[PDB]
Protein chains: 2
Amino acid sequence: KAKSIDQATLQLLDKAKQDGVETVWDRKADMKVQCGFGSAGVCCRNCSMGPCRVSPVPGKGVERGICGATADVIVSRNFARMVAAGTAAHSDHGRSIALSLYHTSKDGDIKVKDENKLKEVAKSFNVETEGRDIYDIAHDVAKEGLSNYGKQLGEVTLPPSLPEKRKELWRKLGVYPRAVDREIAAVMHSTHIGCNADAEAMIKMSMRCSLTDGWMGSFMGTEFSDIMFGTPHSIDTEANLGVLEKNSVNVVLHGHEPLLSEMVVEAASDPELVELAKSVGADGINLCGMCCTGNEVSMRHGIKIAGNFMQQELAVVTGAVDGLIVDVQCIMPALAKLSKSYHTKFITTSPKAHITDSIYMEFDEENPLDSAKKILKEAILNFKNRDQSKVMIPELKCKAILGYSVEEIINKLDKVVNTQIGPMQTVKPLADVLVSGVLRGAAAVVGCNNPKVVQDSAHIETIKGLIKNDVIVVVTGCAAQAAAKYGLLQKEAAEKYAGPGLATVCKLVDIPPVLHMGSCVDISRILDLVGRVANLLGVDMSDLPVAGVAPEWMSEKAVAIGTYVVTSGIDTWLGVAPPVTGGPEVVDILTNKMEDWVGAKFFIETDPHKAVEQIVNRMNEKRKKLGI
Amino acid sequence: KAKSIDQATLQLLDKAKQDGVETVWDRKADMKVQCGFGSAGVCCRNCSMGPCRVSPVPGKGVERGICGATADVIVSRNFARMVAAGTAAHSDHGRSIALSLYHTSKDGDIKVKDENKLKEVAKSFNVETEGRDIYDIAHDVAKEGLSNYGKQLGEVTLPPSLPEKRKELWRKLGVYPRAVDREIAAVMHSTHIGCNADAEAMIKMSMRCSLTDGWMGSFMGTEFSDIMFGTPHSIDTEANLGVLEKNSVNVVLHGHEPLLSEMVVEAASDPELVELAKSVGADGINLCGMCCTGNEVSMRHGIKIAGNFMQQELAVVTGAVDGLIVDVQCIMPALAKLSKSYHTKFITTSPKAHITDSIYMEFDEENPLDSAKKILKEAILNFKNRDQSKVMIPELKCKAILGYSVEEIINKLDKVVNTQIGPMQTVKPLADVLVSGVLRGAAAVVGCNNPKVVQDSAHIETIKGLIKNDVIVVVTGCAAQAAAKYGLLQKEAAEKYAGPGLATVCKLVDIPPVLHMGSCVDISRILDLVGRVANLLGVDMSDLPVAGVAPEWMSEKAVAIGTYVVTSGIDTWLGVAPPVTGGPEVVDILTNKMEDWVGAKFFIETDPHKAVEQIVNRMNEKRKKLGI
Ligand code: SF4
Ligand code: SF4
Ligand code: SF4
């Protein structure tokens, strides 16, 4: 089968074959037929009595592990641990952001750039703002956010966009969230040998844990990032590997933590570093981003996006990356080995993400700007080691428009508001187009790449099908970057791919049919948006014609995201089967019984066209339930 | 191979074969040859690009996972997740204890029974005590303990017995602990795909996480349990399955959390329940404990111990267990199936541990005594369903002495203190016998059973070898219960098994050669003891001739325990190989490089006699280093 639908990706794969280096596709081929027990989730290693593998087919073979655990128990515990790991990644990101907020000052490297957003957040956290210094408010808000992570007494703080009905449903179900780290610890405790051996209770614990990701960790990370670095607005950028410059220093920012990439962007305008780039024979400094850190700097500053997850290696294959600076998460360790075949300096910066044989330059949060400057200086000085005979940059780049935060979307919707009617600054125009049926619904396309799927194929096919069916699409993460590379993040795309209702809406509001809402933590924005719509219509989020899709997901973070999206009341389609087919009870809970609990459920569909059809049918069913 | 060295265990295995019921041994046999990849730790399932298996033999076969992770990376992440799971189990136990402390009242079900212990703990937590109400002090202490779990700013609180040198070494190494749930979340975050791919850093993160178990979670759980339920003192009890009564109601308490078992013990003396037991035709109520909850109630009240981990099923096989009340952890789910073959009521009580097809009676912490009375009444009423023709109780039980908390040990040591010299109430006599060489050292024997080892064989052989070599032995958990069943927890054992120096010490102090220090969380007591000795000698804990042994461990909790014991500076022998042989770098870190870091290291030895020899040699070389 084809490795990708992206032509630049294919050219660089040919180059990697010529250079004798191996990619993620080569390692996937080397893995051959993957273990059936692990693929079905019926393998357990939770204690040293094991490893235990039970039959994925009930009634045949070994039925129980040594402790007596059934296939359903093993599957449910494995699923819960995936959710806990994803929640941990997102919560650690949000915790770093909250600490950065706590360390803001007027004359420091980290300031408050959006005071209005900070005051609204302070209102949401019961922090007084009138007649107060802005940094005192910021510190109080950071304290409340940090308490959300580890409070042992009392209730956590949740955003006002979350409907009261959803909160009450969670409380009745027993999944109402506690402090984030406490829920992660609870999930890890209940999967220990000889604890929870009941699939339904295990799934409910995992949902409870995922809620602390969706509504607390990711939400606080996003809102505090907006406070410190600015709320995203409509902004132009370029996407795909063609953004690399042969005649300039190329600095590629990979990872998830935004403070480092923000400081690197600021350092790139330093006169001394620009002069240094000129002195090593380069035209200038060309910052390019990848994955979620690329999404953040692109949403807030228009930094060009070099590529998504499965392109990271190919960025090095060009031979033009002088410095690849990585913080945490979704950083293929093979990059270190790959960096030996080129001049590239592979720089790790976080104590959480040491990588063997990489150059470690710890990013100092006490002096973020100076630390970023020294890291960037190492990248710039590496330009002298460039071998221009090994350089091949495909001439394939695509224009994209992004920056669609909830605030930006509301500002755009204000155009189609009659002044004599109003109100302004609400999601009411979006609610109106959804209720009238001009738009059939809204769908979130999120997730990673996965060698099991032709890279970016499922993302593009799902998005095109949805917008052709007058479903407005919001995108995050690597799916958003696939849309950017393909050319869907363009106003012109409205008349090229969208159906009649969505084309009319795009023309009236002057937006692309596909709205890039940011990184994987920025999925919280989507929740926020949906919540607002629900609160405007006086219904729960499970009554709306909305859906989420993860066509090509790979990470534990994706599992946690899908779990909290379903738990919030939004049906979720998974384009890659999770390792649960071995447990019939777990499959039945996730795809059938979940609808009785939270009004939504998982759909597993590896065919994107069938997924689009199912999404449209489900949205029409919910519309008929709602009367619209 | 023999299944056990215990004769009562063998008789009940014959009965289980005659009854056509499966045991843990039968399921272990059914599992046959366990997966080599999982056994070596070279299998990874951390993302849905996998499952990935790399060769346990370097230089052959597949070398890297799909993301590029090496065998060392996969092994180190798997080990770290085991540590995180064990830390989560212990920390959740301690968190429940702290919450119970927070709800103590003068006229409530949960009171303060050891005010002196509470005042000393309050001193350790910087809580004022002079001229204050005892329950105000208790609530402040509980608040400080709870803050240890989830504080995001500042430093955690550690017991005064921990040497300053050990803390400084931890700070220099980068493993100084943070809040417990924060460290669990950090480990889970760094094992996520594309985060940490460096074995040394991964092992250091796991050590940092395990410290929050050893010195914060388990320590606080133990000390708060002492405050609420009484400090253990020397007390007599009986051990092994013979403690069951044919003519009495048999109520078996299995699990770890002590509040439920304490309330059940209190409810058993209720006049209405005793009258009800008489009216259902029984002579009375016979409470028996298993595993750690049995250890707690036995340490504090002399409740008879029915058996350790791999005996739990056999307790039901007797046909005499009218009620089996379980809370969390090390509860084989197969019990639910097994109790169908008998009249036994298998009662789950904790929302953390639901077991399918068991009778769920949620233990209400708000009204603990009434809830315990209701559960106990269900067990008593089940006596009418006893089938006395199916009853077979082995006439095999053994006298044991336990209750050796640090306070009790100090009280015993006061006997050999010359009044004209002093001081009293110190560990000084123990330090003196260790320094003079009358005792060669002290060894902690802890851990579970494991079907991979003849049950209780390794525990007994290791203990007998150590005490024969004039090494005083402290025991916890299932190892302590194996010692109890065998008969080592007896004063007479001093003249039957101990060497000359240990026999003299036992005669002078009037103690058994093997000291039962309580449950698995009570391993913190051992740390406390060692710390005091170190603080009395002005040395670090790694300079002492001390060691820990886990001859037959199975649980993730055991992994976390061994990790924090080594990190504290105490060499640890493992009688069951952990899944790390696939990663040569991880093996080298755990067994060789750890000594450079923390002055102690792991020893993997499956032969108990060889383990005793190695322990004696290591203790002698540490003595020669210390000059004693
Ligand atoms: S999933 Fe289990 S059975 Fe399959 S290779 Fe991995 S450890 Fe072995
Ligand atoms: S927890 Fe149970 S099923 Fe899992 S490895 Fe241990 S004995 Fe086997
Ligand atoms: S994290 Fe890497 S090694 Fe582990 S399953 Fe995913 S791709 Fe394979």
# chains A, B, ... in the order shown; residues from 1 in each chain; ligands from 1

call {"tool": "residues_near_ligand", "arguments": {"ligand": "ligand 3", "cutoff": "7 Å", "atoms": "only C-alpha atoms and all ligand atoms", "output": "MDAnalysis selection string"}}
result
chainID B and resid 44:52 64:69 74 192:194

call {"tool": "write_last_selection", "arguments": {"atoms": "C-alpha atoms", "output": "short mmCIF file (atom, residue, chain, number, x, y, z; two decimals), in the first residue's frame"}}
result
data_model
loop_
_atom_site.label_atom_id
_atom_site.label_comp_id
_atom_site.auth_asym_id
_atom_site.auth_seq_id
_atom_site.Cartn_x
_atom_site.Cartn_y
_atom_site.Cartn_z
CA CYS B 44 5.56 -2.54 24.53
CA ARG B 45 1.91 -1.53 24.20
CA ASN B 46 2.14 2.14 25.17
CA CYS B 47 0.54 3.33 21.91
CA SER B 48 -1.74 1.94 19.21
CA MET B 49 1.05 1.95 16.64
CA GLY B 50 2.07 -1.18 18.56
CA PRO B 51 2.09 -3.78 20.03
CA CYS B 52 5.90 -3.82 19.55
CA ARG B 64 13.48 -1.05 17.88
CA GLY B 65 9.78 -0.49 18.26
CA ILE B 66 7.88 1.38 15.57
CA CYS B 67 8.55 4.76 17.20
CA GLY B 68 12.26 3.80 17.41
CA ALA B 69 12.36 2.88 21.13
CA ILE B 74 10.90 -0.37 26.60
CA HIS B 192 3.96 8.15 27.13
CA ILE B 193 4.98 7.52 23.50
CA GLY B 194 7.69 9.91 22.42
#

call {"tool": "residues_around", "arguments": {"residues": "residue 483 (chain A)", "least_positions_apart": "4", "cutoff": "9 Å", "atoms": "only C-alpha atoms", "output": "list in words"}}
result
residues 400, 456, 459, 460, 463, 475, 478, 479, 487, 488, 489, 514 and 516 of chain A

call {"tool": "write_last_selection", "arguments": {"atoms": "N, CA and C atoms", "output": "PDB file, in the first residue's frame"}}
result
ATOM      1  N   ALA A 400      -2.405  28.412   4.517  1.00  0.00           N
ATOM      2  CA  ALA A 400      -3.406  28.016   5.490  1.00  0.00           C
ATOM      3  C   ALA A 400      -3.812  29.220   6.325  1.00  0.00           C
ATOM      4  N   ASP A 456      -2.482  10.558   6.478  1.00  0.00           N
ATOM      5  CA  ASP A 456      -3.325  11.708   6.151  1.00  0.00           C
ATOM      6  C   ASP A 456      -4.520  11.347   5.265  1.00  0.00           C
ATOM      7  N   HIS A 459      -7.813  11.349   7.497  1.00  0.00           N
ATOM      8  CA  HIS A 459      -8.135  12.725   7.875  1.00  0.00           C
ATOM      9  C   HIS A 459      -8.782  13.475   6.712  1.00  0.00           C
ATOM     10  N   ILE A 460      -8.134  13.464   5.545  1.00  0.00           N
ATOM     11  CA  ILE A 460      -8.613  14.252   4.412  1.00  0.00           C
ATOM     12  C   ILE A 460      -9.965  13.735   3.929  1.00  0.00           C
ATOM     13  N   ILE A 463     -12.742  14.650   6.431  1.00  0.00           N
ATOM     14  CA  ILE A 463     -13.050  16.080   6.425  1.00  0.00           C
ATOM     15  C   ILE A 463     -13.829  16.473   5.175  1.00  0.00           C
ATOM     16  N   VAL A 475     -10.876  21.454  13.512  1.00  0.00           N
ATOM     17  CA  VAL A 475      -9.756  20.520  13.494  1.00  0.00           C
ATOM     18  C   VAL A 475      -8.716  20.925  14.528  1.00  0.00           C
ATOM     19  N   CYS A 478      -2.574  17.014  14.689  1.00  0.00           N
ATOM     20  CA  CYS A 478      -2.015  16.491  13.447  1.00  0.00           C
ATOM     21  C   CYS A 478      -3.065  16.401  12.343  1.00  0.00           C
ATOM     22  N   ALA A 479      -4.332  16.182  12.696  1.00  0.00           N
ATOM     23  CA  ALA A 479      -5.410  16.265  11.712  1.00  0.00           C
ATOM     24  C   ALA A 479      -5.517  17.669  11.136  1.00  0.00           C
ATOM     25  N   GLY A 487      -4.675  21.843   1.908  1.00  0.00           N
ATOM     26  CA  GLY A 487      -5.271  23.049   1.370  1.00  0.00           C
ATOM     27  C   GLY A 487      -6.704  23.303   1.776  1.00  0.00           C
ATOM     28  N   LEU A 488      -7.215  22.591   2.780  1.00  0.00           N
ATOM     29  CA  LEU A 488      -8.584  22.790   3.237  1.00  0.00           C
ATOM     30  C   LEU A 488      -8.748  24.040   4.089  1.00  0.00           C
ATOM     31  N   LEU A 489      -7.669  24.528   4.704  1.00  0.00           N
ATOM     32  CA  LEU A 489      -7.702  25.711   5.568  1.00  0.00           C
ATOM     33  C   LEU A 489      -7.612  26.984   4.718  1.00  0.00           C
ATOM     34  N   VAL A 514     -13.245  24.683   7.195  1.00  0.00           N
ATOM     35  CA  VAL A 514     -12.540  23.916   8.217  1.00  0.00           C
ATOM     36  C   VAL A 514     -11.824  24.915   9.112  1.00  0.00           C
ATOM     37  N   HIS A 516      -9.298  25.694  12.130  1.00  0.00           N
ATOM     38  CA  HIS A 516      -8.190  25.177  12.928  1.00  0.00           C
ATOM     39  C   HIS A 516      -8.247  25.798  14.320  1.00  0.00           C
TER      40      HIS A 516
END

call {"tool": "residues_around", "arguments": {"residues": "region 251-264 of chain B", "least_positions_apart": "2", "cutoff": "6 Å", "atoms": "only C-alpha atoms", "output": "VMD selection string"}}
result
chain B and resid 266 to 267 287 to 290 292 to 293 323 to 329 369 372

call {"tool": "residues_around", "arguments": {"residues": "residue 521 (chain A)", "least_positions_apart": "4", "cutoff": "8 Å", "atoms": "only C-alpha atoms", "output": "ChimeraX atom specification"}}
result
/A:90,218-219,221-222

call {"tool": "write_last_selection", "arguments": {"atoms": "C-alpha atoms", "output": "PDB file, in the first residue's frame"}}
result
ATOM      1  CA  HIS A  90      -2.212  16.464  29.309  1.00  0.00           C
ATOM      2  CA  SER A 218      -6.439  20.781  28.898  1.00  0.00           C
ATOM      3  CA  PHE A 219      -8.913  23.580  29.621  1.00  0.00           C
ATOM      4  CA  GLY A 221      -3.611  24.814  29.957  1.00  0.00           C
ATOM      5  CA  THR A 222      -5.374  26.419  26.995  1.00  0.00           C
TER       6      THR A 222
END

call {"tool": "closest_residue", "arguments": {"among": "B:498, B:558, B:401, B:359", "to": "residue 473 (chain B)", "atoms": "only C-alpha atoms"}}
result
B:498

call {"tool": "residues_near_ligand", "arguments": {"ligand": "ligand 1", "cutoff": "6 Å", "atoms": "only C-alpha atoms and all ligand atoms", "output": "JSON, numbers by chain"}}
result
{"A": [35, 37, 38, 43, 53], "B": [35, 37, 38, 43, 53]}

call {"tool": "write_last_selection", "arguments": {"atoms": "N, CA and C atoms", "output": "PDB file, in the first residue's frame"}}
result
ATOM      1  N   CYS A  35       1.524  -8.874  17.602  1.00  0.00           N
ATOM      2  CA  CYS A  35       0.984  -9.916  18.462  1.00  0.00           C
ATOM      3  C   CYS A  35      -0.532  -9.804  18.572  1.00  0.00           C
ATOM      4  N   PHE A  37      -2.574 -11.235  20.775  1.00  0.00           N
ATOM      5  CA  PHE A  37      -3.048 -11.040  22.144  1.00  0.00           C
ATOM      6  C   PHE A  37      -2.998  -9.572  22.538  1.00  0.00           C
ATOM      7  N   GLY A  38      -1.866  -8.920  22.275  1.00  0.00           N
ATOM      8  CA  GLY A  38      -1.749  -7.504  22.582  1.00  0.00           C
ATOM      9  C   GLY A  38      -2.666  -6.647  21.734  1.00  0.00           C
ATOM     10  N   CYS A  43      -3.821  -9.578  26.758  1.00  0.00           N
ATOM     11  CA  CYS A  43      -2.568  -9.861  27.442  1.00  0.00           C
ATOM     12  C   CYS A  43      -2.474  -8.977  28.673  1.00  0.00           C
ATOM     13  N   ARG A  53      -1.928 -14.387  29.125  1.00  0.00           N
ATOM     14  CA  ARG A  53      -2.709 -14.150  27.926  1.00  0.00           C
ATOM     15  C   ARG A  53      -3.882 -15.109  27.934  1.00  0.00           C
TER      16      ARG A  53
ATOM     17  N   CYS B  35       4.804 -15.919  27.918  1.00  0.00           N
ATOM     18  CA  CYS B  35       5.418 -15.248  26.780  1.00  0.00           C
ATOM     19  C   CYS B  35       6.819 -14.754  27.122  1.00  0.00           C
ATOM     20  N   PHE B  37       8.706 -12.566  25.483  1.00  0.00           N
ATOM     21  CA  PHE B  37       8.853 -11.118  25.336  1.00  0.00           C
ATOM     22  C   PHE B  37       8.373 -10.386  26.579  1.00  0.00           C
ATOM     23  N   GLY B  38       7.184 -10.746  27.063  1.00  0.00           N
ATOM     24  CA  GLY B  38       6.671 -10.128  28.274  1.00  0.00           C
ATOM     25  C   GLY B  38       7.500 -10.472  29.494  1.00  0.00           C
ATOM     26  N   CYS B  43       8.406  -6.241  25.449  1.00  0.00           N
ATOM     27  CA  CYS B  43       7.159  -5.973  24.749  1.00  0.00           C
ATOM     28  C   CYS B  43       6.627  -4.619  25.185  1.00  0.00           C
ATOM     29  N   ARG B  53       7.349  -5.712  19.886  1.00  0.00           N
ATOM     30  CA  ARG B  53       8.252  -6.583  20.613  1.00  0.00           C
ATOM     31  C   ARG B  53       9.604  -6.533  19.927  1.00  0.00           C
TER      32      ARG B  53
END

call {"tool": "residues_around", "arguments": {"residues": "residue 308 (chain B)", "least_positions_apart": "4", "cutoff": "8 Å", "atoms": "only C-alpha atoms", "output": "PyMOL selection string"}}
result
chain B and resi 290-291+312+448-449+477-478+481-482

call {"tool": "write_last_selection", "arguments": {"atoms": "C-alpha atoms", "output": "PDB file, in the first residue's frame"}}
result
ATOM      1  CA  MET B 290      -5.799 -12.803  55.737  1.00  0.00           C
ATOM      2  CA  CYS B 291      -2.967 -10.830  54.098  1.00  0.00           C
ATOM      3  CA  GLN B 312      -7.016 -17.225  50.169  1.00  0.00           C
ATOM      4  CA  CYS B 448       4.040 -12.007  48.576  1.00  0.00           C
ATOM      5  CA  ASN B 449       3.802 -15.583  47.349  1.00  0.00           C
ATOM      6  CA  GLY B 477       3.111  -9.040  55.049  1.00  0.00           C
ATOM      7  CA  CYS B 478       2.756 -12.485  53.535  1.00  0.00           C
ATOM      8  CA  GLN B 481       2.454 -14.771  57.804  1.00  0.00           C
ATOM      9  CA  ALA B 482       4.591 -17.583  56.346  1.00  0.00           C
TER      10      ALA B 482
END
